[PDB]
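Peer 1: what's the 3D shape of this:
(2 chains, ligands or ions: 7)
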Amino acid sequence: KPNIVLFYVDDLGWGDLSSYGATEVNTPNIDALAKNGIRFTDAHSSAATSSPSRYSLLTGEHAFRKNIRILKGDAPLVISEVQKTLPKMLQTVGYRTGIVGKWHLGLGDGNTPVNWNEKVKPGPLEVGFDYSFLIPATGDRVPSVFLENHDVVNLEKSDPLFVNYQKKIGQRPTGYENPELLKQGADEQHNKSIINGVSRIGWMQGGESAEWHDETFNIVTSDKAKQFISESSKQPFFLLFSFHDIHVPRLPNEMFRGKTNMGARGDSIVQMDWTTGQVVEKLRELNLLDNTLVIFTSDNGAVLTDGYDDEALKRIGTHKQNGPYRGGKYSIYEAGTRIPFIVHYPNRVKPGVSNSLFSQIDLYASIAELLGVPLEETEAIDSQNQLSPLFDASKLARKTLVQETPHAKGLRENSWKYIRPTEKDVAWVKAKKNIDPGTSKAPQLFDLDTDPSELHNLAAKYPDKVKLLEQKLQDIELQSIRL
Amino acid sequence: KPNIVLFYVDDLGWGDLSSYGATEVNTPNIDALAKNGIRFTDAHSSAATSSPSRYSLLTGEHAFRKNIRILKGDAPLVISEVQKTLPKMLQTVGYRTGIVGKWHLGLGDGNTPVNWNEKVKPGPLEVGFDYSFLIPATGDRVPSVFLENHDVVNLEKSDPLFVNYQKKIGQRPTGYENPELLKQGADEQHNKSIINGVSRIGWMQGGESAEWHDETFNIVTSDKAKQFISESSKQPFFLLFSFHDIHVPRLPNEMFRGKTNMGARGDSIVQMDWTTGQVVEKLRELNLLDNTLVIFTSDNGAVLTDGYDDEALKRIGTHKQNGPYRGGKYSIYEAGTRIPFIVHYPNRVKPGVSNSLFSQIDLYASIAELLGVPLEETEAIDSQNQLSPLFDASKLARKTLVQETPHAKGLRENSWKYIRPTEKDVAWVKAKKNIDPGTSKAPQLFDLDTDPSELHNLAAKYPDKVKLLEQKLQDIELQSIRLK
Ligand SMILES: O=S(=O)(O)OC[C@H]1O[C@H](O[C@H]2[C@@H](O)[C@@H](CO)O[C@@H](O[C@@H]3[C@H](O)[C@@H](OS(=O)(=O)O)[C@@H](O)O[C@@H]3COS(=O)(=O)O)[C@@H]2OS(=O)(=O)O)[C@H](O)[C@@H](O)[C@H]1O
Ligand SMILES: O=S(=O)(O)OC[C@H]1O[C@@H](O)[C@H](O)[C@@H](O)[C@H]1O
Ligand SMILES: [Ca+2]
Ligand SMILES: [Ca+2]
Ligand SMILES: [Cl-]
Ligand SMILES: [Cl-]
Ligand SMILES: [Cl-]
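Peer 2: Residues are numbered from 1 along each chain as shown, chains lettered A, B, ... in the order given. Ligands and ions are numbered 1, 2, ... in the order given. Here you go, the structure:
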């Protein structure tokens, strides 16, 4: 029973790592993991946005089965208290489970809004986690406080904490009223309550003692992960290290500012690599690294301009955050879900590069197979046993895989890519995010071997292929049991 | 005997046209040719630099056979006067042949330096062209004058013209002396004589009346091309419209400044498309567009920072000038030679998109086949007959193609790409050009189907494939006669 450490980066694109070809940023720690492990070139998150991908990561099922969308800071937990989750699965075989970082899976129960001043339940502790130290929503969503287990860290009863997303509450300055105090400019959605010089989404009243310090996320989070690892060093443990990097607002520690010529976004990649090093080296000191299944991946494709004036697009230079793939965050094109995926397990995995169609949804069933945990017919219905290609870069994995986004759905059948037509008009992606969302009123079909960036639609040349793929996409939607 | 008009752009990247996916720039006129003809996605120039590719375009053979490198402004002509060339071949079937634009193939005879004040021979007129309106070297190399046939245009005997690439000559202001006069900053190689407010490579003395005006290149070149077309409308003709766009310095006409959010480089693409349109509309106006074989392609891959402070890199935004391919100008990676290539011929070409491995070198032998011109065994020894894939997107073309750059040679065998190792160190490509030259002390091998940006070197996992690909490269280097 090896330990499992899951590095889950926020918005890390296929090309944002030097082992994936980046030249404007060096990721040495993550690169050494790829060198002594398997690097996947065709691995995918379940969706093109955070909440849905995180839901599939932990439940082994497609996010559309529960219509998961980007959650707001006070949304209720999307994972039922009895739902079968990956951490619960590992618990039944003695693993001590923990998560350090971003949650974004909801925290309340729905009936009554979240009272950030009393115990916050259900949450990570109710869906398979023993220990939890989180960032409730996202780095840019209030509350800007750490929630340990069931309690908000450093909360003073003398200064109760409240949040509101529709109107201003409290006496904190905002970005629209007080733009003078901002460290970075913000768009309309992100110009509310200011905390640590940066406005966020929504208003935050009180709880000043519970306020976090963005520039120390690297230290605070690595410190917690190292402690949890030290506490569970003599037993099997699973640690989901969920980063805030490289999600907006990008506020890296001063020791990284200027390490790249790309601005805060690039420097956040440097910080992210450093943080990863702290955890990896911690496992090395305790001689646990060779017997640890390390998985380094991301929740969705990269984005440059995501709401703050941080120079991501202006100073991009020659950097290709999505490598050769088109799209990015929010998009149905490859880059929306095609991301970095590294497996590092020296005791059982030989170094290699895998071009197998791999999905993060299959982590649940592949880890069950690793430890012999039989799965119910109703458990992680979409998660397939793909442990063999996970540990051998030469083995094949999937043939078919559905890609999700709020705007459209798509399907991969070997090198074929099909995007189902939609009438939804989503211009905010192209306008505000500088990404083609991939929608179209007409079907789309691409051969990624000759057209890797999805520039030549073949829907009209192979109309039966479109119908076949559309048919197989319907079957997967109608599926309700395993296999 | 259809008319043949060949548009040859300078440094146009695979993704610089909107019909190849560009979103930050619009090329409506050029896209119109793609919608009505074949768009090639795996077509390649012979080399990753100007002069080597141009030589291969007109001689039908690899440039390394004569060690052609980027030519200085006063270089002698690299095409022998007795050497068979594509324009000559067309001359023997009654075609009137002309060239308007960038030459960059040398002009002296090699024994004496070109005297710009006398007739310049041998030039395009001695290698198969009837008419020629030229930019001698490049927009950034002196002389900054026009050469029509054998004489410099608007040259006054009262002000003789001289060039010198080793030391300053004449009284013209320079970039290293008069920075306050420049419209754009220039690196050390481009800070010499100032002409029209932009320093160039080399020093220019005299010939003021013959100086060109960069910003009106679009009008001067399109007018010359329109005259030539208008006059040869009675006879079959071959026009090589060799663009300066989008090479440095990028000085588009006023009517295009601000059309894109990428600065001078992006606005030159706009001007480039407009100039192309002016020529296409002249063919239509004269009812020749349908009976005209129009080929639109590029001499080598794209570059952003090439010598002038023109914001090409600071304002690139989301533009992917090279599409998904790695490298660019000067590189042995795909983007060095993988370029836009469109064939517009309404009387014999149906609209399509072709993924066939296609080489510009084959244009000589494919056009010969179109006209039934038998080729000698020692002529265009690298030019293969690929007329079937040139006119039908569904037909295959090449299986093997050798790629050139001064530091390394490469080979393509279907989707496999092999880069022969080299001890050469070209640091300026990364330092100043912001492009990866593709050099490596060790062999490189890629599967472009799974690794389109050549990121995963497979040379170690397939040592026999490397050997076989390296062997195939030697055979093409030793070949001296036509194949098959
Ligand atoms: O018409 S095009 O082919 O499309 O444009 C041609 C370009 O010519 C220049 O670019 C380089 C080219 O001449 C190359 C020859 O293969 O040599 C390069 O010079 C390098 C160094 O760059 C140079 O640096 S310097 O301080 O500015 O003088 C110097 O170190 O010498 C080497 C040559 O040695 S070698 O080629 O390895 O054997 C040219 O680039 S540059 O000097 O860096 O600017 C031109 O710069 C481009 O604008 C195009 O005009
Ligand atoms: O990575 S995610 O957590 O899914 O991002 C959620 C996003 O919502 C968008 O509408 C915001 O404008 C972004 O700033 C970002 O916060
Ligand atoms: Ca995310
Ligand atoms: Ca060029
Ligand atoms: Cl208190
Ligand atoms: Cl389309
Ligand atoms: Cl701009």
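
Peer 1: please make it C-alpha for all contacts and neighbour counts, starting now.
Peer 2: Fine.

Peer 1: which strands or helices does the longest helix anywhere in chain A pack on?
Peer 2: The single longest helix within chain A, with elements called by DSSP state H, is helix A:264-285. Helix A:264-285 sits against helix A:28-35, helix A:217-231, with contacts defined as 3 or more C-alpha pairs under 8 Å, 6 or more residues apart in numbering or on different chains; DSSP states H and E.

Peer 1: would you turn those into JSON lines with mean neighbour count and distance to ligand 3?
Peer 2: Formatted as JSON lines, these follow (neighbours: other C-alpha atoms under 10 Å in any protein chain shown; distance: least, C-alpha to the ion, whole Å):
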{"stretch": "helix A:28-35", "mean neighbour count": "18", "distance to ligand 3": "19"}
{"stretch": "helix A:217-231", "mean neighbour count": "19", "distance to ligand 3": "16"}
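
Peer 1: of all those helices, which one is nearest residue A:365?
Peer 2: Residue A:365 sits nearest to helix A:28-35 of all the helices and strands packed on helix A:264-285, at 23.0 Å, using C-alpha to C-alpha.

Peer 1: could you give the angle of that closest one to helix A:264-285?
Peer 2: 60 degrees (axes from the mean of the first three to the mean of the last three C-alpha atoms, to 10 degrees).

Peer 1: helix A:28-35 near chain B anywhere?
Peer 2: No - applying C-alpha under 8 Å from any C-alpha of the partner chain, one finds helix A:28-35 separated from chain B by no less than 12.1 Å.

Peer 1: what do you get for stretch A:396-410?
Peer 2: No - judged by C-alpha under 8 Å from any C-alpha, stretch A:396-410 stays clear of chain B, getting no closer than 13.8 Å.

Peer 1: and that stretch, which residues are buried?
Peer 2: For stretch A:396-410, burial by neighbour count (16 or more other C-alpha atoms under 10 Å in any protein chain shown) applies to A:396-398, A:400-410.

Peer 1: among these, which lie within strands?
Peer 2: Here DSSP state E is the test, and those give A:400, A:401, A:402, A:403, A:404, A:409, A:410 as lying in strands.

Peer 1: tell me which parts of the stretch 301-450 of chain A are close to ligand 3?
Peer 2: Within the stretch 301-450 of chain A, no position lies close to ligand 3 (C-alpha under 5 Å from the ion).

Peer 1: against ligand 1, how distant is the closest residue to ligand 4 within the stretch 301-450 of chain A?
Peer 2: Residue of the stretch 301-450 of chain A nearest ligand 4, by C-alpha to the ion: residue A:318 (19.5 Å). Separation of residue A:318 from ligand 1 (C-alpha to the nearest ligand atom, to the nearest Å) stands at 18 Å.

Peer 1: could you look up the SS state of that residue?
Peer 2: Under DSSP: H, G, I helix; E, B strand; the rest coil, residue A:318 falls in the coil class.

Peer 1: ok, residue A:430 next?
Peer 2: Quick answer, by three-state DSSP: residue A:430 is helix.

Peer 1: count of neighbours near whichever residue of the stretch 201-350 of chain A sits closest to chain B?
Peer 2: At 4.2 Å from chain B, residue A:324 is the closest residue in the stretch 201-350 of chain A, using C-alpha to the nearest C-alpha. Residues contacting residue A:324 under the criterion other C-alpha atoms under 10 Å in any protein chain shown number 22.

Peer 1: so it touches residue B:448, yeah?
Peer 2: No - with contact defined as C-alpha atoms under 8 Å, residue A:324 does not count as touching residue B:448 (11.4 Å).

Peer 1: contacting residues for residue A:326?
Peer 2: Applying C-alpha atoms under 8 Å, 6 or more residues apart in numbering or on different chains to residue A:326 gives the contacts A:333, A:334, A:335, A:436, A:453, A:454.

Peer 1: leaving out sequence neighbours, find the closest residue to the last one.
Peer 2: Among residues not flanking residue A:454 along the chain, residue A:446 sits closest, at 5.9 Å (C-alpha to C-alpha, 6 or more residues apart in numbering or on different chains).

Peer 1: each with direction, which strands does the helix or strand harbouring the one you found pair with?
Peer 2: Following DSSP states H and E, one finds residue A:446 within strand A:444-447. Strand A:444-447 has its sheet partners listed here by DSSP bridges as strand A:416-419 (antiparallel).

Peer 1: for the partner strand, which positions count as buried?
Peer 2: A:416, A:417, A:418, A:419.

Peer 1: who does the second one form a beta bridge with?
Peer 2: Legend: beta-bridge partners of residue A:417 under DSSP bridges are residue A:412, residue A:446.

Peer 1: quick one on the thing from earlier: burial count for the residue of the stretch 301-450 of chain A closest to ligand 4?
Peer 2: Each residue near residue A:318 was counted by other C-alpha under 10 Å, and the total is 18.

Peer 1: check residue A:157 too.
Peer 2: By other C-alpha under 10 Å, neighbour count at residue A:157 equals 10.
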